[PDB]
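**Q** Below you'll find the structure I mean.
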Amino acid sequence: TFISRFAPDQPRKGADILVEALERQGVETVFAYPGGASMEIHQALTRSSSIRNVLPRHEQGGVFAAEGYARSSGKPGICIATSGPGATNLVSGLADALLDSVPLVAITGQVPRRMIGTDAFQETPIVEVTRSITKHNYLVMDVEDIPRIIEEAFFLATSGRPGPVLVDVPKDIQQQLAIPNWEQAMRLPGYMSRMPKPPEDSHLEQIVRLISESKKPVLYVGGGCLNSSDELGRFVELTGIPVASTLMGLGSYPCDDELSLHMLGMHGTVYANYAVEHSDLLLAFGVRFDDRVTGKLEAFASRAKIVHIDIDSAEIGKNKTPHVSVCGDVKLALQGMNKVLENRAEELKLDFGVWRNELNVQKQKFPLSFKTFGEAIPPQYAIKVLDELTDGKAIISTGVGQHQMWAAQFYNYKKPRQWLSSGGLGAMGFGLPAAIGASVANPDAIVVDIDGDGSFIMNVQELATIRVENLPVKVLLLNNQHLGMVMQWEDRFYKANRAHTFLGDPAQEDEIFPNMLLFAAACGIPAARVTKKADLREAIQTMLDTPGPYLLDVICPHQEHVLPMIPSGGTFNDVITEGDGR
Amino acid sequence: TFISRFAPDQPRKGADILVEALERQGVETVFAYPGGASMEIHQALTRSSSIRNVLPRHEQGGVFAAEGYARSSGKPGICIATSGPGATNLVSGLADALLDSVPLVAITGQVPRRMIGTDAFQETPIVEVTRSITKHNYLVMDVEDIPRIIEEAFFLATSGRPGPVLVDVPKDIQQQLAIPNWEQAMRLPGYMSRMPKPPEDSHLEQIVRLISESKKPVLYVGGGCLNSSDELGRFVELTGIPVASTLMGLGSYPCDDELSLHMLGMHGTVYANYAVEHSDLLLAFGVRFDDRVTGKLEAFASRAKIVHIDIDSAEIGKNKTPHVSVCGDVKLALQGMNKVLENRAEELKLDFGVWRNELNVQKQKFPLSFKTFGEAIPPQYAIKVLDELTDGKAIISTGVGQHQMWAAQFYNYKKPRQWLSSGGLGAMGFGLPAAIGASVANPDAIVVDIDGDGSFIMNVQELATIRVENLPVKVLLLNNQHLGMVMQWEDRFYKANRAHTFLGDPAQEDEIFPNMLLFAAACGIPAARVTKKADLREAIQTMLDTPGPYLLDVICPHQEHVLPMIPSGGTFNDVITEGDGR
Amino acid sequence: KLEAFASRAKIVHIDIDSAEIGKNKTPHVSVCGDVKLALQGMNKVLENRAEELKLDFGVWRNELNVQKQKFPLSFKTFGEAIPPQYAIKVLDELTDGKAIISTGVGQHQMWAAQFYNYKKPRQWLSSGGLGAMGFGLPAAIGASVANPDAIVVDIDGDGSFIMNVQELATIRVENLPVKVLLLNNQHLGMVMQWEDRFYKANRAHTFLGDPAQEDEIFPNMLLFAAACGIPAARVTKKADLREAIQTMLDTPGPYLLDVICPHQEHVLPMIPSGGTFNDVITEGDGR
Ligand SMILES: Cc1cc2nc3c(=O)[nH]c(=O)nc-3n(C[C@H](O)[C@H](O)[C@H](O)COP(=O)(O)OP(=O)(O)OC[C@H]3O[C@@H](n4cnc5c(N)ncnc54)[C@H](O)[C@@H]3O)c2cc1C
Ligand SMILES: Cc1cc2nc3c(=O)[nH]c(=O)nc-3n(C[C@H](O)[C@H](O)[C@H](O)COP(=O)(O)OP(=O)(O)OC[C@H]3O[C@@H](n4cnc5c(N)ncnc54)[C@H](O)[C@@H]3O)c2cc1C
Ligand SMILES: CCCOc1nn(C(=O)NS(=O)(=O)c2ccccc2C(=O)OC)c(=O)n1C
Ligand SMILES: CCCOc1nn(C(=O)NS(=O)(=O)c2ccccc2C(=O)OC)c(=O)n1C
Ligand SMILES: Cc1ncc(Cn2c(C)c(CCOP(=O)(O)OP(=O)(O)O)sc2=O)c(N)n1
Ligand SMILES: Cc1ncc(Cn2c(C)c(CCOP(=O)(O)OP(=O)(O)O)sc2=O)c(N)n1
Ligand SMILES: Cc1ncc(Cn2c(C)c(CCOP(=O)(O)OP(=O)(O)O)sc2=O)c(N)n1
Ligand SMILES: [K+]
Ligand SMILES: [Mg+2]
Ligand SMILES: [Mg+2]
Ligand SMILES: [Mg+2]
């Protein structure tokens with residue numbers, strides 16, 4: 001039974017109604033940057049003893065933190081911003097959450113209702129702007145609609161295929177006195193009627209039939225399996241089917257496991273892409289057949305019967321047409337199939353040992369590899385050392401680029417929601433704020449931001465947030481003084497012609513610029529720099545052992561190329577296994 | 001006669017066509033951050049020997065720099081971004097340019113045409129997102145449309161009421177070989193038919209008639225007069241009518257001049273607001289009657305015949321209904337009236353000396369003022385010292401907040417386009433990037449960013465840009481360890497109840513956090529901190545005399561309130577003249 | 001009710017629009033493409049493996065034939081009054097099922113779909129998704145222009161017919177051999193039917209005649225045709241119906257036959273909106 005700070009017959013500001021509405025949703029943390037149109041809400045937050053605000057230094061840092069909070073917990077991330085420039089600063093975060101299907105509730109303050117449309121002070125039509133980059137949005141036009149809309153916003157953001165929901169609240173609504181009704185019904189008749197039914201036995205039995213008739217099955221696992229860790233593991237035990245994950249599905253199945261084919265796709269392992277290429281049965285669970293994964297669609301799993309289980313019916317048949325499909329929760333589908341696979345285990349002598357052996361040969365002949373040049377630090381090796389010293393139990397947020405791929409390749413995530421990374425949009429400056437949200441959601445966990453020097457500096461101001469909030473965020477900065485991935489594409493497609501990809505100072509080429517150690521020192525965060533590979537292990541150990549925030553500046557050669565690589569729109573036969581920028 | 005780097009019959013990439021299109025517009029500088037969807041464009045830029053790229057460390061820094069470039073020169077600002085996260089990072093800048101009517105051309109890369117709408121890698125529907133926050137936007141669907149669209153984009157951005165125009169260019173279009181036609185006609189028949197005619201003598205004579213029949217005339221000057229400095233000055237000489245400017249119109253008429261009433265509005269001078277309040281003739285030239293200026297509309301210039309000259313017909317009669325209006329260029333209107341006022345000078349014995357004397361009494365009894373507490377540095381005084389040491393000839397960019405108002409109040413701008421500030425949207429983090437664009441456009445000028453500690457840290461990463469580009473940008477940081485303006489509103493409307501407005505470290509309250517000196521040192525930028533008022537003059541002098549970039553950290557008391565203040569939606573009788581947070 | 005529709009069946013869906021596959025019901029097997037090409041591909045397989053696949057659904061077909069025997073399409077004949085179902089059945093016989101049929105929307109639309117056996121596609125022209133009244137007569141015009149040598153008949157209701165009655169002028173001017181079989185019940189039939197079953201037969205603006213002269217047929221559709229120089233006639237007795245339709249067909253050029261029908265007729269059988277097969281209604285009218 002919920003307890004309000006107000007009497008049931010006592011009028012109160014809309015802002016106080018809005019905050020209590022969040023309290024009734026179980027919200028414990030918000031990421032809010034104060035402004036004129038949202039001052040009432042901020043005043044109401046201070047009256048709440050259950051909701052804590054983490055003040056960012058930029059709204060983009062705020063919304064990215066809410067994403068990290070959401071991705072690392074499964075809870076919806078909540079960020080609050082003011083009108084105008086505050087609201088527009090959320091846009092990259094909203095788009096990011098929509099593409100990666102992250103549950104997010106964003107509340108923006110707005111000018112008074114009568115002032116809307118008059119080009120008023122700090123006014124943007126944020127609902128118009130964000131309509132195409134959110135799952136849904138609202139413009140509250142009356143104080144009595146606040147309880148209903150907030151409830152609908154959280155329901156829409158967390159149910160079905162998760163996504164961002166924005167609620168725009170005019171300032172006069174926040175100031176109006178009213179008595180809220182919490183027993184009101186949601187106005188979502190269309191959405192609720194299209195909510196997927198629990199998976200029928202008819203479809204589940206069809207899948208099990210295909211499994212027993214296959215000889216080269218492959219699991220194609222993605223972000224939709226992040227809540228099905230136990231069920232997926234049980235499924236693999238009963239079938240023995242090897243598992244290949246997407247960038248978004250890392251950790252759903254243990255990467256260090258014997259049946260793990262690791263990541264597939266453009267920068268996936270050779271044996272993972274091989275498995276899909278030669279499979280006769282593709283079990284696509286919680287994926288959306290992205291172009292980074294498939295390449296040329298007609299060549300992707302061309303010899304396989306495709307099974308697709310997605311909670312979004314619009315995804316089923318979008319890029320590739322499945323022979324068998326299930327529209328519903330993959331968690332429930334796995335549970336249903338596990339019961340059948342267990343009761344008919346003796347009847348179904350499932351043994352794909354020959355197929356698994358064939359893949360093990362590919363894993364032996366084409367493993368993930370890297371070179372060690374003298375005493376220079378291989379970024380791949382640095383991440384591998386972090387894995388060992390954290391025992392693969394750390395929460396890892398990254399930026400976007402070469403370091404992002406290496407963090408996905410050379411760290412073996414044992415559980416889901418350890419891996420926090422911008423996949424669909426691929427937004428730089430995501431790593432540091434996401435680590436903040438993750439550390440807030442997981443106070444006792446080891447949180448490490450594996451970042452690049454280009455992505456790190458984009459939201460470097462959030463270092464202030466980290467110190468003020470006393471968050472034990474570790475920053476493993478892989479510094480190559482360049483925009484790595486773009487530089488890599490320059491080497492292969494533009495004859496290594498440099499077009500604004502150097503991030504240092506041309507006046508002092510060999511000097512590391514900027515000095516990231518001084519950024520950390522500015523915010524009272526202890527830092528160090530390692531250059532020699534021999535000193536790397538002790539340096540990372542120091543970063544972990546030192547209580548509180550820490551920045552380790554790891555200097556890396558910029559000639560490194562991410563391998564292997566399947567060219568955009570290419571096939572498995574177009575895979576590149578050797579080459580760099582030397 | 002323009003000279004191309006290609007033969008008239010030689011096929012070339014769309015990216016090369018796009019860059020030459022910019023060259024034919026006289027573009028010398030762009031602000032571009034490279035990404036996959038815009039790599040072709042960046043490759044094409046390196047082949048250009050006339051166009052220089054300033055690489056920012058964040059796209060928001062890039063677009064804000066393009067604004068500073070535009071505001072300080074009158075030329076269109078050009079920024080280029082990649083698809084997805086790059087494009088969404090421009091949004092705050094686009095909205096900012098639209099509200100302040102700043103000429104801006106933003107070019108974004110886009111995924112291949114066939115890939116659009118499929119939730120592809122790094123894809124955002126940027127045209128949908130930015131439709132309501134740009135003057136116009138385009139999606140190029142064929143390489144042959146590039147010359148026409150680019151020409152239209154620059155025409156729309158710079159003609160009539162200036163504004164931002166976004167052009168989205170799919171990657172396959174950039175790669176396609178074609179022979180461009182530069183002799184093609186623009187498809188803007190509606191827009192060009194609605195372009196205001198040159199002002200008729202009929203309307204101009206009506207205004208002159210009103211002037212000769214008035215006894216208390218006041219000039220209400222805004223951003224529309226930024227190109228009419230000479231004409232406005234001539235007008236004032238012939239009439240003797242006192243001048244009151246908006247936040248956007250500072251410098252159009254010399255602030256240090258005898259007939260200058262300085263700024264009016266919410267934080268305008270008492271005598272400026274008094275003049276408008278008791279005027280019988282209000283000459284509204286290049287303004288839009290914003291709520292920051294008028295307050296309660298029915299009380300604004302209630303006893304005055306209102307003359308409104310605006311190039312946007314949609315602005316004439318929007319908030320207040322004018323008795324006399326002219327839809328056209330205020331520059332041309334001034335020229336027409338000056339000829340009449342000169343030829344009929346003896347006939348029209350214009351003398352508003354009695355009215356001017358009445359205002360001089362108000363200027364004597366209610367001047368701009370501030371207190372000096374011990375050795376603590378008054379921010380108002382710091383800005384006043386900067387004025388003296390730069391002889392009022394410096395280019396000033398600011399953030400948003402208390403320091404923004406003091407920079408507008410206590411610096412006397414002698415010419416237009418010295419004052420660069422976000423007025424309509426009021427976006428924080430604008431100051432530093434805008435100074436960058438201004439310094440690029442004006443290499444020999446004194447560029448100073450008067451910033452607050454909250455606004456400064458938002459785009460602090462652009463310090464790297466400043467050092468790399470070797471720009472003589474001076475940073476006058478007014479550090480009060482708080483969000484000043486919000487804190488001020490807390491004191492007056494919420495019983496000084498603090499709601500996340502402290503920017504320092506609560507663990508070390510008296511320690512200045514963060515250490516901004518170390519941010520500058522990280523980017524190799526010389527810096528210093530002044531705390532005692534006695535040492536302030538020498539410190540600012542050092543900042544100016546030291547060649548290259550410089551950061552001066554000025555410590556200020558956070559108890560200061562911006563005065564005078566007319567409450568939002570209030571009248572002149574509601575003006576507040578005394579009070580702070582002590 | 002979707003959950004009850006083909007609940008015991010494995011569903012195969014072949015559609016050229018991928019957005020349709022899985023929209024309402026989730027298929028076990030699907031093909032996104034031209035059904036014409038899919039049929040061609042399957043026919044080759046079904047022919048080459050005919051001996052291997054001893055396909056025989058004779059038992060299932062026999063089970064359905066029993067249902068076809070016990071629950072066939074039916075109608076009553078009251079005295080000499082003309083059953084609309086019968087009128088359409090006579091048209092079928094006299095045109096040998098080779099005529100192009102356009103209709104309006106309502107009861108007559110359903111009877112035209114039930115009691116005429118179309119032998120080829122594109123004989124049946126009717127507004128299905130939107131169900132727009134006033135469609136019949138103009139559609140017949142377009143059909144007659146596209147098919148100059150065909151027998152084009154507009155089976156219309158008095159409500160739908162009058163909505164675009166002005167196109168009678170078009171028919172005469174263009175000299176199109178459009179036949180109009182007007183089923184006149186003086187009411188909006190289908191709405192009237194729903195009134196009888198869901199609103200206790202409470203009439204809410206469903207009568208199309210003149211309340212001052214209830215038993216007089218209003219309006220006089222014969223005079224609409226005469227206004228546009230189109231030969232017309234009216235039949236009331238069922239005995240005279242066969243000769244009347246024959247006259248309509250044999251008379252060269254446009255023709256309007258005004259068939260007077262009892263308004264108490266209900267379209268059967270009927271499954272209520274959002275209902276299941278067990279909710280099917282087989283008997284009842286408005287008498
Ligand atoms: C620089 C860079 C390189 C990249 N290269 C690669 C690469 O090499 N390999 C790679 O895989 N990715 C790569 N990506 C990431 C890629 O762009 C996509 O983010 C990713 O491939 C798509 O993830 P997904 O297919 O698992 O589906 P997601 O984006 O994670 O979406 C989840 C899907 O499952 C469904 N779903 C959600 N919940 C449920 C549920 N409970 N039950 C059933 N279904 C559910 C959803 O409807 C959705 O369709 C890269 C990204 C970047 C920035
Ligand atoms: C914290 C803060 C406090 C503020 N307080 C104040 C304040 O106290 N006082 C104040 O004045 N502002 C204040 N503002 C700024 C305010 O919000 C607006 O930006 C400003 O008042 C509007 O400027 P403007 O009226 O001159 O018109 P602008 O926004 O500058 O637009 C120019 C107008 O002139 C027209 N125009 C353009 N070119 C021409 C031409 N060639 N010929 C004719 N017409 C043309 C345009 O159509 C347009 O209508 C504040 C902003 C902030 C962030
Ligand atoms: C220098 C003064 C600017 O500072 C502020 N102005 N301000 C307000 O002006 N608040 S307000 O309700 O009356 C308002 C009125 C009209 C248009 C917009 C607003 C608005 O909500 O802007 C945030 C407001 O809330 N703050 C903090
Ligand atoms: C780790 C690989 C990601 O790096 C890159 N991918 N990439 C591309 O993939 N370029 S691309 O034309 O073929 C493309 C194809 C499909 C969808 C989107 C795009 C696109 O333009 O994204 C920028 C591209 O241009 N870069 C730099
Ligand atoms: C905001 C933004 N801008 C541009 C890009 C495009 N982009 C860019 C510019 C990358 C380089 C990132 O540089 P980094 O130093 O942070 O990391 P790496 O050196 O490991 O690549 S990665 C990539 O795809 C992006 N994803 N997001
Ligand atoms: C991006 C953004 N967020 C919030 C606001 C709202 N806002 C905020 C938070 C201000 C305080 C600025 O703090 P500062 O330290 O930079 O400057 P002052 O201390 O002089 O006010 S000013 C103001 O109106 C804004 N204008 N822009
Ligand atoms: C233009 C329009 N209005 C209303 C309807 C709704 N409606 C109406 C009013 C029908 C009655 C049609 O009357 P009718 O005389 O033409 O045919 P029947 O008597 O055989 O029903 S059928 C039906 O569903 C419609 N389909 N189209
Ligand atoms: K930043
Ligand atoms: Mg790098
Ligand atoms: Mg401050
Ligand atoms: Mg009828």
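Simple scheme: letters A, B, ... for chains in structure tokens order, numbers from 1 for residues in each chain, numbers from 1 for ligands in the order shown.
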Let me have all residues with an atom within 6 Å of ligand 2, counting only C-alpha atoms and all ligand atoms, laid out as number ranges by chain.
**A** A: 121; B: 100-101, 161, 222-224, 246-249, 264-268, 286-290, 292-293, 309-312, 315, 328-330, 400-401, 422-424, 426
**Q** Using only C-alpha atoms, find which residues of chain A lie within 9 Å of chain C and jot them down as a PyMOL selection string.
**A** chain A and resi 194+202-203+206+313-314+316-318+321-327
**Q** Those selected residues, please, written with C-alpha atoms and delivered as an mmCIF file, in the first residue's frame.
**A**
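Writing the result to result-v7.cif gives the following:
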data_model
loop_
_atom_site.group_PDB
_atom_site.id
_atom_site.type_symbol
_atom_site.label_atom_id
_atom_site.label_comp_id
_atom_site.auth_asym_id
_atom_site.auth_seq_id
_atom_site.Cartn_x
_atom_site.Cartn_y
_atom_site.Cartn_z
ATOM 1 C CA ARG A 194 -2.227 -5.762 -30.384
ATOM 2 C CA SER A 202 1.250 -25.166 -32.353
ATOM 3 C CA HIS A 203 4.140 -22.867 -33.288
ATOM 4 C CA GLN A 206 6.830 -26.705 -35.274
ATOM 5 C CA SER A 313 5.232 -8.163 -35.533
ATOM 6 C CA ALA A 314 6.591 -5.417 -37.794
ATOM 7 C CA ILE A 316 8.893 -10.442 -38.674
ATOM 8 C CA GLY A 317 9.407 -10.558 -42.435
ATOM 9 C CA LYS A 318 10.901 -7.083 -42.772
ATOM 10 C CA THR A 321 11.267 -13.929 -44.736
ATOM 11 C CA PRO A 322 11.208 -16.688 -42.085
ATOM 12 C CA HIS A 323 9.862 -20.178 -42.773
ATOM 13 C CA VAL A 324 8.612 -20.365 -39.192
ATOM 14 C CA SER A 325 7.830 -17.456 -36.875
ATOM 15 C CA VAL A 326 6.478 -16.651 -33.423
ATOM 16 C CA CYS A 327 5.173 -13.225 -32.460
#
**Q** Give the residue list for ligand 6 at 7 Å, counting only C-alpha atoms and all ligand atoms, as a JSON list (two decimals) with C-alpha atoms, in the first residue's frame, sorted by chain and then by residue number.
**A**
[["chain", "number", "residue", "atom", "x", "y", "z"],
["A", 33, "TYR", "CA", 19.07, 19.50, -15.11],
["A", 34, "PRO", "CA", 17.09, 22.50, -13.77],
["A", 35, "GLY", "CA", 15.63, 25.28, -15.89],
["A", 36, "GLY", "CA", 12.83, 27.84, -15.77],
["A", 58, "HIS", "CA", 24.73, 18.57, -19.77],
["A", 59, "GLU", "CA", 21.29, 17.22, -20.67],
["A", 82, "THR", "CA", 13.69, 22.17, -19.10],
["A", 85, "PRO", "CA", 17.59, 24.15, -25.30],
["A", 86, "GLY", "CA", 17.17, 21.63, -22.49],
["A", 89, "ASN", "CA", 19.71, 18.45, -25.90],
["B", 399, "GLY", "CA", 26.65, 31.96, -22.25],
["B", 400, "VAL", "CA", 23.17, 32.22, -20.77],
["B", 401, "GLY", "CA", 22.24, 33.42, -17.29],
["B", 402, "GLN", "CA", 23.21, 36.23, -14.94],
["B", 403, "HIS", "CA", 26.59, 36.81, -16.57],
["B", 404, "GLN", "CA", 24.82, 37.12, -19.92],
["B", 426, "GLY", "CA", 18.85, 30.96, -24.63],
["B", 427, "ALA", "CA", 21.10, 27.93, -25.08],
["B", 428, "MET", "CA", 23.89, 27.28, -22.58],
["B", 429, "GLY", "CA", 27.28, 26.18, -23.92],
["B", 451, "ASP", "CA", 30.95, 32.81, -19.70],
["B", 452, "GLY", "CA", 29.48, 31.26, -16.58],
["B", 453, "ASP", "CA", 30.90, 28.13, -14.96],
["B", 454, "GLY", "CA", 27.74, 26.20, -15.78],
["B", 455, "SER", "CA", 27.59, 27.21, -19.44],
["B", 456, "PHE", "CA", 31.35, 26.99, -19.96],
["B", 479, "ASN", "CA", 32.65, 31.77, -11.64],
["B", 480, "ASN", "CA", 29.99, 31.85, -8.92],
["B", 481, "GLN", "CA", 29.85, 28.07, -8.37],
["B", 482, "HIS", "CA", 26.11, 28.09, -9.08],
["B", 483, "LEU", "CA", 23.44, 28.29, -11.74],
["B", 484, "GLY", "CA", 22.98, 32.00, -11.07],
["B", 485, "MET", "CA", 19.69, 32.95, -12.75],
["B", 486, "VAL", "CA", 17.74, 29.89, -11.55]]
**Q** Quick one: which residues from chain A are at most 6 Å off chain B, using only C-alpha atoms, as a VMD selection string?
**A** chain A and resid 42 to 43 58 85 88 92 121 to 122 129 424 to 425 427 457 to 458 461 468 499 505 514 to 515 518 to 519 522 to 523
**Q** In terms of the shortest atom-to-atom distance over only C-alpha atoms, which of C:58, C:129, C:33, C:262 is closest to residue 186 of chain C?
**A** C:262
**Q** As a list in words, please: all residues of segment 384-431 of chain A that backbone DSSP puts in strand (DSSP E or B).
**A** residues 395, 396, 397, 398, 419 and 420 of chain A
**Q** Residues near segment 378-394 of chain A, anyone? I mean within 9 Å using only C-alpha atoms, not counting same-chain ones fewer than 5 positions away, as number ranges by chain.
**A** A: 369-373, 403, 406-407, 409-415, 418-419, 445-448, 450, 476, 478, 533, 536-537, 540-541, 544, 554-557, 560
**Q** For residue 567 of chain B, work out the shell of residues within 8 Å, counting only C-alpha atoms and skipping chain neighbours fewer than 6 positions away, then give it as a count of residues only.
**A** 4
**Q** Per DSSP on the backbone, what are the alpha helix (DSSP H) residues of segment 177-252 of chain B, as a PyMOL selection string?
**A** chain B and resi 189-193+201-212+229-239
**Q** Ligand 7: which residues are within 6 Å, counting only C-alpha atoms and all ligand atoms? Reply as a PyMOL selection string.
**A** chain C and resi 105-108+131-133+157-160+187-191
**Q** Could those residues be written to a file, using C-alpha atoms, as an mmCIF file, in the first residue's frame?
**A**
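Result file follows (out29.cif):
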data_model
loop_
_atom_site.group_PDB
_atom_site.id
_atom_site.type_symbol
_atom_site.label_atom_id
_atom_site.label_comp_id
_atom_site.auth_asym_id
_atom_site.auth_seq_id
_atom_site.Cartn_x
_atom_site.Cartn_y
_atom_site.Cartn_z
ATOM 1 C CA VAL C 105 -23.771 -1.502 -51.021
ATOM 2 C CA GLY C 106 -26.258 -3.159 -48.685
ATOM 3 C CA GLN C 107 -28.586 -6.156 -48.724
ATOM 4 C CA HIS C 108 -28.783 -6.305 -52.522
ATOM 5 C CA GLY C 131 -18.388 -0.093 -48.975
ATOM 6 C CA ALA C 132 -19.308 3.113 -50.786
ATOM 7 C CA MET C 133 -22.888 3.658 -51.939
ATOM 8 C CA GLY C 157 -30.570 -0.612 -54.381
ATOM 9 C CA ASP C 158 -32.886 2.398 -54.475
ATOM 10 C CA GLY C 159 -30.756 4.197 -51.891
ATOM 11 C CA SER C 160 -27.436 3.611 -53.635
ATOM 12 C CA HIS C 187 -35.655 1.417 -47.482
ATOM 13 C CA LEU C 188 -32.028 1.354 -46.461
ATOM 14 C CA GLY C 189 -32.123 -2.433 -46.175
ATOM 15 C CA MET C 190 -28.995 -3.404 -44.234
ATOM 16 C CA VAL C 191 -29.290 -0.653 -41.601
#
